[PDB]
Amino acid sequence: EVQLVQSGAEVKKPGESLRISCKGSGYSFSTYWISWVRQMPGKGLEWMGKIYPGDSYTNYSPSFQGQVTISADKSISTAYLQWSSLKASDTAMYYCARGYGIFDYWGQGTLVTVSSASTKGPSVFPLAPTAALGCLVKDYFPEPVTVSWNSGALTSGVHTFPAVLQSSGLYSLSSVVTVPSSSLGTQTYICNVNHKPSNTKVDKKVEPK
């Protein structure tokens, strides 16, 4: 069966170099173009450029000209996508597809994640307020982090948002619950954030001001 198997997920640091591969089995690898496609987290598909492995001729879109290098070692039926210095803007999902126009086969995609892997503990800040009481945890590494409200009690109408990568390379998320505006001073609301890698577990109550 024709298959395109890609490299495993990569976790690099800014400035490091990286090269992912795309091994195409089940067909004459030399006479089919291999295109690399970028997909940022939550964004669309971006054609980066193609390569004909027969004679290693390469092509690039204007958005990626001079940003990456595409190479192919046809002796082992493998195409490559190479960086020289990774920027934090390079965190995305990188698919390889067979073809110049019609992409009839797609690899499982290679995930790259560039960040300063020095694991840091999160700082918890409250959000004073049917009103909205919130809990903010910022600047931690790595994932994941779970937030329980009142020791896993308040489960109705509580939401925990997915993490986001700041410009510093450290994560951040907020947890919020829609407590009725009537109940305020009667019951003190408190979150419970637990950062497993840094063994961090800290609670803080959200009160008005």
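Position 1 is the first residue in the sequence shown; the rest follow in order.
- According to the entry, the deposited sequence places 4 to 9 unmodelled residues between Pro129 and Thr130.
- Averaged over their C-alpha atoms, the temperature factors of 41 to 49 and 170 to 178 are higher for 170 to 178.
- In this entry, 130 to 138 shows the higher mean Cα temperature factor of the pair 82 to 90 and 130 to 138.
- The PDB entry gives the largest Cα B-factor of the residues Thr188, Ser25, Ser21, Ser17 to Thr188.
- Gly101: CA B factor lies in the middle third for its chain, per the PDB record.
- When all modelled residues of the chain are sorted by CA temperature factor, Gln108 is found within the lowest third.
- Per the PDB record, residue ranking by Cα B-factor puts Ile70 in the lowest third of the chain.
- Per the deposited record, the Cα B-factor of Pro62 falls in the lowest third when ranked against the other modelled residues of its chain.
- Among all modelled residues in this chain, the alpha-carbon of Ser183 has a temperature factor (C-alpha) in the highest third.
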